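In the structure tokens that follow, a single protein chain appears in two forms: structure 1, then structure 2.
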Structure 1
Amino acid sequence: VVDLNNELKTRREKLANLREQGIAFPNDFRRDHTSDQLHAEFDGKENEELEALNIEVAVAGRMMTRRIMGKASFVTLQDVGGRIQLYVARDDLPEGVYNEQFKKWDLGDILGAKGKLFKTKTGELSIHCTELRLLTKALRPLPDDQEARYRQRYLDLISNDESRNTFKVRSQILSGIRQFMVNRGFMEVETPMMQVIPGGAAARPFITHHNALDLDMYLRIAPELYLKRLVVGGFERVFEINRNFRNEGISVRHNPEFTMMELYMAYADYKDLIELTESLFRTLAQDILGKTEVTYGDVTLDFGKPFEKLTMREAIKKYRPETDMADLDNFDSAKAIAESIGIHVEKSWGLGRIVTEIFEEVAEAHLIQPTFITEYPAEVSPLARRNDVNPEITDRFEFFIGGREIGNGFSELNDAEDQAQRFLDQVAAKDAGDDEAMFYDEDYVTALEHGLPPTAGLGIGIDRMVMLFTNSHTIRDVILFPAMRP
């Protein structure tokens, strides 16, 4: 309440005094151990050992908790790898430090300590300090909606062990993805974030202006088209992990800027990539989580049993059994069905979009276990190769875990004449009402004209993947600094 402004004014005056005494913010203390290391190597030893071993250490961290017992105290110190106990004794430190200084410090303050190890009555490992000092004065006290954890992630990180575990694991996932890709000869590239024409996905984009060149640019909604140019140029196995910016809304399972991986391999089809995705997940879970059966909320995600495969038509029939599939071949009856399950059909929608929507509604949520849905109507797949036997559908697949879309992949359209026509279609839909349709891209049609080998491309939502790997149930739990509404 008002506790805070007193805390501020006290911590304030304490610093102005520290300045008069000398150098308030020293940067010469050097530690040599972190809690996790100390615990790891020494929690298996007893006090008869330690006293005789006489192993001295130096550590630094944030003073979390301090139990003052007159002429001796106990402080809990928290560093990058955990918390460690300190026994602070007035006579075992230099003269005056414990009284004129230590007792005058505050919780939140960063300290440095050095002393021999031992174990307290409780069995906890501790450092009997011979030296201890203030490194950084916390002008503000430790912490105390749940959106506070997102406006000031450092506070959350200091407090919540799980967050720090979550992100540590995120790094392990990326590191493991890269290790995996390179092992299959994929080379990582960096294409532009700014683009003169945005594309490679369906989304309203962010506009920016290059002051100098008098030119509007765009934050990339996807790097797809540039990565395919690299395949034209002869990089036959490229992948890229980085942002995309979609001017959508901050609806919790969304963030305006997220992390995606795209990978392309020439002389392969969507199947080759379906099978690649399997190994990616099944291998990462095993390596990063030890087990193949993985707990996510109420369910146990079985990454060990072969991922399920259904075509869209199959999925529609499986989750809406009363469905007369024959109605899905006709426009009026398919619109009837779509509206009978409560979908508002846009004026710009054609049959394939309607069917795709119906699938979205009736089935997506039920795909809890790792699932691949295949064979999408051409309409909704502007960059995908047509199917040989049925041109009305494309060699395309989506991938779902936990009722969410974790992946997307297809046999690439390298038919430039067709690719250009699908752009005109996308441009028509845009004029017709679709704020998410694609822009026509001449330079790309051209790149294709020079020849794009047959190729299969795969996109994967890195954030959502981490969620399923760390048991997070909002994307804001896997993004260090989510975009917060003012």
Structure 2
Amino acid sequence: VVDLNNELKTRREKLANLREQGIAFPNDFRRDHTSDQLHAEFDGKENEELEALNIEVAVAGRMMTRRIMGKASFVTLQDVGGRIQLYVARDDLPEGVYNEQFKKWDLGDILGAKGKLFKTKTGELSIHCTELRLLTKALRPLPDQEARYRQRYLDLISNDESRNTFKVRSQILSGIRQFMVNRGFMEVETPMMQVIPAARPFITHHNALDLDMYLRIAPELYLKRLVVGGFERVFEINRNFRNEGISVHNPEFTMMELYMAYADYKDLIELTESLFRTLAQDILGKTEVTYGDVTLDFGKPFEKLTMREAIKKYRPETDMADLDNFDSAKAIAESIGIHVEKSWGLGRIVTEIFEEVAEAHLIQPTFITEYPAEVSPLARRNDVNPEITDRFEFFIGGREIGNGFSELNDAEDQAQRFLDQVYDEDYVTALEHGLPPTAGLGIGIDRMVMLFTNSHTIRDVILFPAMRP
């Protein structure tokens, strides 16, 4: 509506005026109370004690609602911790400000107010203002559902949903850090640019060294070098980059890899559990957490299932014996509607079948273990049965939330596998110097946040998701 176009005319003019009058953008006002502080400490006292205590306060915020009742007014201010009602009254206020100023201010303006606190007829706490003034002139007025992403600030002003999501995103991160730190872990910062990296790479170039670098897709190898070097309990929460498309998938998401010496994946499985269950318990309180059509329960121990067990559980009609023989597995793959490429060996047919049949039903928090060697990266072969490897994938809401291994510290085998998929020479060399047996944890922070704040898209948890120009 062209309504807003006049708003730009008026407000822009009002400011050219403020420049004539004084400092247009004063930075000298200092508050001392935020809505929530006031609420949590005064919300339960009737007028009486307020009248006695005579507690005067100072607040600052943005002007959301203004009800001009002639010579008295009710304005509601919004700061970082919520909303507080202000009683603006011409005679209690300095002379000439209520009419020649307050009334010429707009909604959206950043104001400061000092006065005695009380409560009105309808029951809301308010501040009888003996002082009130404009701090910043809002040149523009207050605010598909993608604009909510293009100008997150506008979003954070409007939606309490978002401001709560993000406020909690932080609460979670610092939560993870301290939980790990309690268990003798040390966070570390490794390179973001490597010279050697299954995903696409953000390739860049260094000027003063004419050498093409890569944005990390994971800090796995650098972290293990630290274990070799002796830091036996380290982790790193930070950005990883995957050069693909933005699936409302984000080009740069936050991951947490952590490593622990003298332990195996099972020990991480148990750590992962206690992590999710302590964060939900301290940050959200309820052990069951509503998430869309479903309710997630971190109260009861997570489900533990091998990939073999999973397939049988969700495709009950599978005569398992068929999976132990290539041809019967090929036919079990096809009859479920699976395009069996020529290269695929028993291990991939089966894992693929798991993906089709049971991955999506893993709604409750669940660990799937024993993945075939084939479909495995630098996966540590199981001693008793080398057909499978010592790794687990963590699942919540049908999504991959976690990862975990018993790290392959067998240099010669590692090396063979690098050449296998074609190679960090220095890594192998590091292994050759000796990496203690170690377990590695992998966690997608973003998805964990979604499953804790109820968000149902990654964009709802990244303050500035990449937008298509």
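Sequence positions of structure 1, starting at 1, serve as the residue numbers. Each form is matched to the other, and the largest set of C-alpha atoms that superpose within 1.5 Å is called the rigid core.
- The comparison between structures 1 and 2, aligned on the rigid core, picks out a single residue among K116, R353, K271, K137 whose CA moves by 2 Å or more, and that residue is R353.
- Put the two forms on the same core and the Cα of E100 is off by less than 2 Å between structures 1 and 2.
- The rigid-core alignment places the CA of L155 less than 2 Å apart between structures 1 and 2.
- In this overlay on the rigid core, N330 has a C-alpha that sits 2 Å or more away from its partner position between structures 1 and 2.
- Its Cα shifted by 1.6 Å, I393 is compared between structures 1 and 2 on a rigid core fit.
- For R246, the Cα deviation between structures 1 and 2 after core superposition amounts to 0.3 Å.
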